[PDB]
Ligand SMILES: [Cl-]
Ligand SMILES: [Cl-]
C-alpha cells in the first residue's frame, strides 16, 4: 500500500464533474475545481487544468495526471510549511502517508490548525493524538474516512485500508 492507493480508496475516481461531500465541484481523484456554485465556472477551471475543451468529461489518464500533480503539491506544501515540516520529518513512512492524506483533503492551512494534535504526533503520543483528532468538524463530517486516517496515525500500519 502507498499514498496513491490510500487516496484512491478514500477519494474514488469519477470521470465527470461531481459535487464533493461539501457540495463543491470536483473531478477525477478528489481534484477540487472551484468552491463557486457555478457549473460554468467549474468547466472553465477544468479546461484550464487539462489544457483542452473538456465539456466536463475527462479520461482516466488525465484524471491520473491531475492526481499525480496534487499528491506532489500536497507533499511540497508540507515541506514548505513551518508548522507541518517538523512534524512530518519526525514521522515514520506509514504515518507520513496519513499526514499527506489530511493535507490533500483539507489543505495545508487546515491541517496547520490541528495544533494540539500536531504537538502530540510529534511527541509520539499516538492514542492521545487519535482522541484529539476525532474532536473536529473533519471527523464529524466524514467519520468513515477520518477513522481510517486516525487509525493509521494510531497504529503505524495500513490495517484500516486492508
Ligand atoms: Cl491544476
Ligand atoms: Cl467518510
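According to its header, this structure was worked out by X-ray crystallography, 2.4 Å.
Including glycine, each Cβ sits where the backbone N, Cα and C put it.
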Quiz item: Looking at Swiss-Prot, which one out of 40, 132 binds substrate in the same site as 32, 104, 117?
Solution: 132
Self-check item: 11, 20 as active-site residues, winner by CB count within 10 A
Solution: 11
Quiz item: Can you name the binding-site residues among 32, 104, 117, 132 whose CA is within 10 A of the CA of residue 20 (active site, proton donor/acceptor)?
Solution: 32
Quiz item: Sequence gap of 6 or more, C-beta under 8 Å: which same-chain residues meet both conditions with respect to residue 117 (substrate binding site)?
Solution: 129, 132, 133
